[PDB]
Every structure is written in C-alpha cells, then in structure tokens.
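Below is one structure, written out as structure tokens; the observations come after it.
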Amino acid sequence: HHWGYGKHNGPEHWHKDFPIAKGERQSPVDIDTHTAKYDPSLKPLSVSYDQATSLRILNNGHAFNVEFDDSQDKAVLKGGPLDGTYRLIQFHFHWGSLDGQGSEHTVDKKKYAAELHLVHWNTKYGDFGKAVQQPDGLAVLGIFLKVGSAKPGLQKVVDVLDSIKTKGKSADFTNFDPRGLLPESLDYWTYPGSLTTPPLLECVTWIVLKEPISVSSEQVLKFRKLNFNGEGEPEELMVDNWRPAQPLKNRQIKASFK
Ligand SMILES: [Zn+2]
Numbered sequence: 003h004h005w006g007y008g009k010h011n012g013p014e015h016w017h018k019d020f021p022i023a024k025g026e027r028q029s030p031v032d033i034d035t036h037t038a039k040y041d042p043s044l045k046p047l048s049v050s051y052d053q054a055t056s057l058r059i060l061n062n063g064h065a066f067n068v069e070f071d072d073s074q075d076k077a078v079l080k081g082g083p084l085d086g087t088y089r090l091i092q093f094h095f096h097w098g099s100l101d102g103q104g105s106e107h108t109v110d111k112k113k114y115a116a117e118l119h120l121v122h123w124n125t127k128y129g130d131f132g133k134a135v136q137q138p139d140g141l142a143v144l145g146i147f148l149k150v151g152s153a154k155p156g157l158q159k160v161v162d163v164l165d166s167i168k169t170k171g172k173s174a175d176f177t178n179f180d181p182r183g184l185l186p187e188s189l190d191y192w193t194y195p196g197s198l199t200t201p202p203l204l205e206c207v208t209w210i211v212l213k214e215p216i217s218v219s220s221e222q223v224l225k226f227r228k229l230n231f232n233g234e235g236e237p238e239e240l241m242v243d244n245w246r247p248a249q250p251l252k253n254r255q256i257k258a259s260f261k
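In PDB author numbering, the protein residues as written are 3 to 125, 127 to 261.
What follows is the structure in structure tokens.
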C-alpha cells in the first residue's frame, strides 16, 4: 500500500508515512499575486543549459523523469534568490485528467493544465542525496503549462512516452535540450518550500516563473496515456499526479518583478 494519488493513498494520506506532510514549509502553495512583494535585491535568474547532457527517461510510477548527467558543472541554475550553484539532475511534470487542473502551484487560485519542475541540487553538498538533507539543498524551477499552441521543444519528450508506458520502464534519451522548454521571460516568484512528493523534505528554494509556456492539447493528451501501474497490471492512467496547495504558514513569497 504505497503512496500515490488515489482515493486511498493520495495526498491526504501522506502524512501517515511522512509526518513532515503537515510541516511548516510544505509545497506547493497558492501564489497570491497581490501579497507577493516585489524585492529589488533579487537578481536575474541565471539558467545555463547549453552544455546539458540528458541520459534517460524513466516512468517511476508517479511521473516521468528526464534525467541528466550531473557529474560535472554542465547545466546550472544560479543567481535569482540563490547563493551558489545548483546542478540540474532531472525534470518532470504534473498534469491533470482535464485541461482545467494539473498544476501544483496556483496563481490567485488559478490552476494550469500542467507544471514542469526542473530539479537542481546545491553543488556545495556534493550530490543530490546529501543535498536533500539541507534546508538550501535544492533549487526547483517551476514552469506552468497552458493548452494552446504546441511547444516544439517538448515534442521529442512526448514522442518517447509510448516506450515508457508503465511503471519501471526507462528509455535512452540523449541530446535533449531543456532550453526548448523555457518561456521568454525569467520573471519569477520565490519562497522556501519542500519536495511535493514523498519524502516531502523541506529542502527546496522554489523559483516559479510568471510566464507559462503553451503546449498543444495533443501534447498533453499523450501525457495522459501514461500508466501508474506496471506492465501486466490493471491499467490506471497516470493523470492528476499533482499535490494540492498547502498552507503558507506566514512564509513570504517574493516577486522578482513589479
Ligand atoms: Zn514535481
């Protein structure tokens, strides 16, 4: 009876195995755009992905992760609210069963069709495993997806999904360039929070871009053909793999922009 997103194991149940689910800096959260204060000391975000090396795409039973070689300083996030340099380890998405839901963060209670998470770890902790044990161990860049025009840079991801339909399947996935997933603007909101899946560790500086990217209905439809189950098990479509907004608890959300 492992955690997931169903009626009997979904986000409302997580606190039983992961008591930090009711902690002081849980994610995601609703971004109240009227109370997020502009902070002119926040720096431009620096996203250096030109040397990114993707290796593999994996269905882990909760999402698909596109994984990167993080054994050298190749694809780093820095600047913004961060001190130091954070190395990209993987990205993944959360999405809905319908276009009207799917994002984890919300913006004045608005839910987007999906949300992309580019996960980075603080190089001063040596690796991802040690970083998640630190309050500033991770920097996660969150990007909202709305349904409209296709995102051409997403199409190589969408097209390999039939090869990792079920939990546990992986596929070679080299030379994918994540710069094809970024909006024009790097204006962002930022706040201290957590992983949004178990173990829900409170190790993340969240950086959520104000500008969503557009993906086509056909692109998000193919996300929804994935499976939570493993091969040869009853088919359960991987949809609504999103945790809802959690209490802000007096944390302040800061805006990079006026
Ligand atoms: Zn995520």
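Backbone N, C-alpha and C define an ideal beta-carbon position, used for all residues, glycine too.
Check residue i in the structure and name its three-state DSSP category.
| i | result |
| --- | --- |
| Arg-246 | coil |
| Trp-192 | strand |
| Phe-231 | coil |
| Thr-108 | strand |
| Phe-70 | strand |
| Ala-134 | helix |
Can you name, in chain order, every residue of its own chain whose Cβ lies under 7 angstroms from the Cβ of residue i, other than the five neighbours on each side?
| i | result |
| --- | --- |
| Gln-92 | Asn-67, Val-68, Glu-69, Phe-70, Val-121 |
Can you list, in chain order, the residues of its chain with a C-beta nearer than 6 angstroms to that of residue i? Leave out the 5 residues immediately preceding and following it.
| i | result |
| --- | --- |
| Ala-65 | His-94, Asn-244 |
| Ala-258 | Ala-38, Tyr-40, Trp-192 |
| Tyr-194 | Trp-209, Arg-254, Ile-256 |
With a Cβ-Cβ cutoff of 9 angstroms, do residue i and residue j count as a contact?
| i | j | result |
| --- | --- | --- |
| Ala-23 | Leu-203 | yes |
| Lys-159 | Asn-62 | no |
| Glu-221 | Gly-25 | no |
| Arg-246 | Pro-46 | no |
| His-3 | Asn-11 | yes |
| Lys-76 | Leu-90 | yes |
| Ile-256 | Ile-33 | yes |
| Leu-212 | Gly-151 | no |
| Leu-185 | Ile-216 | yes |
How would you label residue i, buried or exposed, when you count the other beta carbons within 10 angstroms and need 16 or more for buried?
| i | result |
| --- | --- |
| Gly-132 | exposed |
| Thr-35 | exposed |
| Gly-6 | buried |
| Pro-250 | exposed |
Using the beta carbon as the reference atom, which residues fall closer than 6 angstroms to any heavy atom of ligand 1, ordered along the chain? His-94, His-96, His-119, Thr-199
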